[PDB]
Amino acid sequence: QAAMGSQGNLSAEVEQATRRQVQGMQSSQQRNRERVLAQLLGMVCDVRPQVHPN
Amino acid sequence: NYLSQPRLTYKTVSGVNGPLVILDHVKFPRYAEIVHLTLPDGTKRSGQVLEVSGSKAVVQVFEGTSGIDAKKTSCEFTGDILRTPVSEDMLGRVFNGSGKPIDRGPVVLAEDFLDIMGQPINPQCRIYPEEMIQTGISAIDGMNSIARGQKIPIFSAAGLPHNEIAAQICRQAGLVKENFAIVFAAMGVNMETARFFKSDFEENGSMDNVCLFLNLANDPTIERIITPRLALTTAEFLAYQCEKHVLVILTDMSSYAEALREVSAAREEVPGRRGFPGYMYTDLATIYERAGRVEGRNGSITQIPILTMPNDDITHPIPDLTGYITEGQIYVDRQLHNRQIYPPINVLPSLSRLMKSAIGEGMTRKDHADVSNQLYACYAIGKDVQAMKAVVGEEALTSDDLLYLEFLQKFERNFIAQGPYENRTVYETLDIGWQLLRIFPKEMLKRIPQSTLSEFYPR
Amino acid sequence: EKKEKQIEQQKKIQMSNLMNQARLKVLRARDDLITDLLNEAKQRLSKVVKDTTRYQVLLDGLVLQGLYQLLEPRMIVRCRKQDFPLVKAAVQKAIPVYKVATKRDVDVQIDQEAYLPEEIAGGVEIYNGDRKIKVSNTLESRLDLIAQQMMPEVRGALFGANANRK
Amino acid sequence: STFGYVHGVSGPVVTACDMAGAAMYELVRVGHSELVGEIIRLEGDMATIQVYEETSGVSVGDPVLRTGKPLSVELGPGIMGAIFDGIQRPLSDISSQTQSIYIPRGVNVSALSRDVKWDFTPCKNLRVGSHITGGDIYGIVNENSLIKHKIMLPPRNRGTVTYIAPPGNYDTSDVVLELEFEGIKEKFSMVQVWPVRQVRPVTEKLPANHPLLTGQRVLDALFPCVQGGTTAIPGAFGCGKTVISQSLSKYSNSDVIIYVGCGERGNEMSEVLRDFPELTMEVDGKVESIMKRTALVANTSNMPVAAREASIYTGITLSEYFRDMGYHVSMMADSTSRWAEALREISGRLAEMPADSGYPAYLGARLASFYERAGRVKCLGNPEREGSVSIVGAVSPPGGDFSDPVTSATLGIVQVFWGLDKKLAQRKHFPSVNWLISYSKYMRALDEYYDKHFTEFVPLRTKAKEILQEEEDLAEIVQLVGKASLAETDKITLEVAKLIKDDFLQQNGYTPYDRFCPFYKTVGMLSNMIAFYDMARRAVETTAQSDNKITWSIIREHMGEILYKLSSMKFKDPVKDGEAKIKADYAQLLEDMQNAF
Amino acid sequence: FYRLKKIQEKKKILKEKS
Ligand SMILES: Nc1ncnc2c1ncn2[C@@H]1O[C@H](COP(=O)(O)OP(=O)(O)O)[C@@H](O)[C@H]1O
Ligand SMILES: [Mg+2]
């Protein structure tokens, strides 16, 4: 009986809690993807050359 | 804010002897700089710059100089010091000694980059540890009680069960009557030692907060230097920058200093005692004094570093220098291990310097400060009496000293010997301790005044 | 007490191994969300390479950035095959500004024997005279440097910030 | 030239090129963050600099600007109750200016706050036009209710007063005095800048006569210290080298106290600043905490190693500064062995050749030039006051072995030696001072004080040190031959000495009665344990062989109430002062009559 | 051993310049 309740502890979360955490951050990735790429791509084009300070 | 200049790559090595590579024609080298070596076969090695002189820079690679060419190797100068990627999701995982994941995992996403050398805490804003940690062991909780934010080592030897009592105080760490995030540095350990700690943390279900850093004996010795440095800068992050109580376990600290001797002897630095470097006290204190608690934060960090003294010598440079920095030690002995006591803890060279502020009326109760001194004094006299009955005879002693014989066989078997999973409370420990003082008369308990003898000795 | 305590331990190992694989799956899922973000950034820098006016004004400073960081008498510019007339204007524009800030004088050339590979998006790699010291200033080498320093910022701005700080 | 360029950096040391007009032991500021360093060796154009901060990230192109002045401290108000690091930056102000918990290792924080206002008052008998020399008081500032910070002239200069400030509130930057000396006029403020490696000038040295009352019984009786003397406390870890240090900084007779943590623990300086603002003491019938006379120089073991040299010289300059006001300063250095480990690590970078066990050959000259800045000595100046500096320096020998190049070099310099034993700490016998190997050299210097106030104590310690050595000469017989074969004059020796080691020598530091023991209680309870030894002598020697006599077995069963009185003399709190002297004689009248019966 | 090896290291320094 303990080996049967332990298989009840498997699929209960590993498909419920794990999968909702992926799609929970997949939505959060899509909302903020374009503002990050606007800032990140700008820094590559911001080249400025000093020489050592020495 | 951010280094945005492209890193330079030099193919200009000029000397390599031992673990040191000497790079020439470097333009403005930097002390403590981290570099990346590209071998002529393509394997990548990291290295710290330990000396710069004009255009020359002496680096030391972490994985050794075996195979480093003169014409074909290329070293790339990362423009900053060695900073590790630290995060909150840097918890619940197992990492190697250098920086990398082990359990088929990703690299950490780096909430910030912290320097692994850290920086020392201002003593004006460092609050003194007061609250007591109940570890469930009577030799720990009763006589040498630790506080939350206390540095206290386990003084052990080869073969003694120091790993078994290391896992015991991790399962049973709690406040005296919201869990401890344990960061674990495994340094120079056997494979069966790393499998013991992995299968213990994966057994009690604490592995959602364990930060285990493992560094086996086959891994190189120069990576043992940065192994407690990375294991303490995540604990600094979790406690001073994430508001969480951290327990750091360092093992083996003898494998740290033996790896520290190899690098010092290769750099031809000045030796101290037994070949160890003269700056060994400073290097041991830059990983020991990164502990305690600060005033503005509610998290803390406590350190229990395990070290095995060579040849059972407490005057060796390993336990002597760690005894001068830390706040009292725990001495697991060998002669008590032969008698099958599971914590073989000789309480006479054991100490806890912060135990006085952690005991009292508000902390546990009134008689804790008094029964611990009396159990210490009767064990000290009865062990000197034990060296007298072995040289003269078991019958010709003073009549009071036969009670000292009866105390010691009840002290080592009932008070300290408790079993691998039994977790006594502090009130259980003092109740067992008064049972062993019951066999002595009331007026031979000299270290206890007459006031609290009335409330506890008739029972 | 052997039949019961072993299966209670083995289930508790089994339960703890389940949370390990559940934590490692969602952590590996966070990798590919950053990996394609670096992959689509590699595509969108190639579109900057396609148009010319924004790419050359990038390439004027990007050649000069390797020039000011090397500071040798003789330096060697090594470029892509397609961008070779574009870097030739970029090197010639970067000569009389090197003489303004610094007071040596450079002696640049452009290596026609060896070029950068075709899979390389853009940028340049500038060597010294002796082939020994090298500054790699390509677009794959410039994207990697900014992506390292911004992993604090592309996690908090792109996922949820941690509720426990300082 | 004005500034320099780094050539190489390897650990704490920095080689700096383009540095030609630089003198030895000048102060420089190396790097972009301006790390404070000191020149120790120069080879033509290049100078070598030991840096008091961490050199991590210092590049070759970094500038090294020269200051033209040695390492010095600012001396004035705002120094009692403060806490500094080795180069005298205030730790309480460095944590409010930055709001962090770390020291940013770049900050040039002023040592004394230039915004806090102090109420200056003049010498009253210092008019305009009066002649004035170096080192005399020209004003009084009450920094606390306990400390009157006497403002003094620097010892270099002299002149005629042309302007003096009226009584009021002033900063540390306000001009207070103007002196015309040749017909040149130099301004003065309430602060003066003195180099730490230079001994303060002073009129003439004096012999030391008054003792330092530490409060412990074994320290005040057997191995006494004077104010103006040098003391060394060696010992292994866990022996109690800080409990002697904390009980001396709490309960001594000293006017001001400084405490130099040189390579100490970080928690041990936080331990000091907690219980010090609640421990009040009584000087004029008023109660004030002992933090108002305390000043800390905190350089923990996490902090850089070259600042251990600077924290020692910072303290002894502050110790010699309050010496010149007429106060009796006591300095505790903990530990001086970490200063010796600092000199080893610096000289290892310069490739110097080592003396015994790694340490440089100039180790014993650094220690001698530090302990010889202590002494009771008449200060410079016209009001003709007298001050003193006591140095009590903890030594940490490796392995607890006193055959050490730091310990053995120290014992040739100091006069008092409090040897802490580990076997006396393996049993809970505190304080752990080993009475056999410890000594003092102020014996002949103190008995002129002892035939005035306690006229009976010098014959007492001559017998009490004889009894403790008689026990040690017979303790080797008992472990080899046995206790059953002794004489009767020896069994009385072992039990009285066991009464001395348990009542007189043992002292609980946290109990409310033995945390401080005044000297009448020390001479009092020692006068009864030796008279009991002399009374039990006559019970054995006079009735020697003939009669069925007192054989000491009948003593221990009949004096069980009287021995319980002798073992309980330590329980006399300072709630009684006159009654404790009576009960010392009330226990003696029981001792008087019981030998008759 | 440390003193004698340090002398030999300094003896190669003066030999290399001279
Ligand atoms: N007077 C005393 N009374 C009671 N305990 C003491 C006393 N002196 C020292 N101890 C004990 O000795 C321990 C070590 O003190 P400590 O000063 O730290 O030795 P050390 O500085 O040489 O390492 C303290 O934690 C305390 O428990
Ligand atoms: Mg100490």
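All residue numbers are counted from 1 along each chain's written sequence and may depart from the entry's numbering; residues that have no coordinates are not represented. As a convention, the first chain written is A and the first ligand written is 1, with the rest following in written order. Each value given relates to the chains shown, not to the larger assembly they are part of. Each side-chain value is derived from all of the structure's non-hydrogen atoms; neither hydrogens nor water enter the calculation. Residues with missing side-chain atoms are left out of burial classes, side-chain pairs and their counts.

This entry lists cryo-EM as its structure determination method and reports a resolution of 3.37 Å.

The name that the PDB entry assigns to chain D is V-type proton ATPase catalytic subunit A, with the source organism given as Bos taurus. Here the PDB entry's recorded title is "Cryo-EM structure of V-ATPase from bovine brain, state 1". UniProt positions are given in the numbering used here, feature names are shortened, and annotations may be inferred rather than shown by experiment. In its Catalytic activity section, the UniProt entry covering chain D states "ATP + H2O + 4 H(+)(in) = ADP + phosphate + 5 H(+)(out)". On record in UniProt, under Sequence similarities, the comment for chain D is "Belongs to the ATPase alpha/beta chains family."

Chain C is annotated in the PDB entry as V-type proton ATPase subunit E 1 of Bos taurus. What UniProt records for chain C under Sequence similarities is the sentence "Belongs to the V-ATPase E subunit family."

Chemist: Help me out: how do you make sense of the site of ligand 1 in this one?
Modeler: Close to ligand 1 lie 16 residues, the nearest being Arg353(B), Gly238(D), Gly240(D), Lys241(D) and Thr242(D). Two or more chains meet at ligand 1, and those chains are chains B and D. Whenever two N or O atoms come within 3.5 Å, that pair is a polar contact, provided that in protein one can donate a hydrogen and the other can accept it, and provided that, for residues adjacent in sequence, both atoms are side-chain atoms. In the environment of ligand 1, an oxygen atom lies 2.9 Å from a nitrogen or oxygen atom belonging to the backbone of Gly238(D). At a separation of 3.5 Å, an oxygen atom of ligand 1 approaches a polar backbone atom of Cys239(D). Protein contact buries 90% of the 560 Å² of open area that ligand 1 shows by itself. For this classification, the nonpolar set comprises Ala, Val, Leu, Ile, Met, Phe, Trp, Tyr, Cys and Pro, the charged set comprises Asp, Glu, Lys and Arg, and every other residue, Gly included, is treated as polar. Taken together, the residues that form the shell around ligand 1 break down as seven nonpolar, six polar and three charged. Segment limits for the domains were obtained from an automatic or database-derived domain assignment. When residues are assigned to domains, the shell around ligand 1 turns out to be shared by domain 2 (72-115 + 189-440) and domain 4 (441-597) of chain D, each giving three or more. We call a residue near a molecule or strand when any one of its heavy atoms sits within 4 Å of it. Surface accessibility in these figures is a Shrake-Rupley result with a 1.4 Å probe; residues are shielded only by whichever protein chains are displayed.

Chemist: Help me understand empty space enclosed by the protein, please; the structure alone is not making it clear to me.
Modeler: Gaps left between atoms show up when a probe the size of a water molecule is rolled over them. Residue and element names in this part refer to chain B. When its volume is computed, the largest cavity comes out at roughly 70 Å³. Cavity: a set of points on a 1 Å grid over the protein atoms alone where a 1.4 Å probe fits but cannot get out. Pocket: an open set with protein on both sides within 12 Å along at least five of seven lines, its lining residues, like those of a cavity, having an atom within 4 Å of a point. In this structure, the largest cavity is lined by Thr135, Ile137, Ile140, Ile146, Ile152, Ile154, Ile165, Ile169, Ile304 and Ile330. Grouping the amino acids of the lining of the largest cavity by side-chain chemistry returns nine nonpolar, one polar and no charged. Grid points are joined across faces, edges and corners, and a volume is the space filled by probe spheres set on the points.

Chemist: Just checking my understanding: could you explain the interface of chain C and chain A for this structure?
Modeler: A common way to state how big an interface is: give the accessible area lost once the parts meet. Residue-level contacts link 32 residues of chain C with 27 residues of chain A. Only DSSP runs of H or I covering at least 4 residues are called helices, and only runs of E covering at least 2 are called strands; the numbering of each starts at the N terminus. At the level of elements, helix 1 (3-50), helix 2 (53-70) and helix 4 (139-149) of chain C are the ones that each hand at least two residues to the side of chain C that touches chain A. Ranked by residues supplied to the side of chain C that touches chain A, first place goes to helix 1 of chain C with 16 residues. Across the side of chain C that touches chain A, the residue classes break down as 22 nonpolar, three polar and seven charged. The contact rule is simple, with two residues in contact once any of their heavy atoms fall within 4.5 Å.

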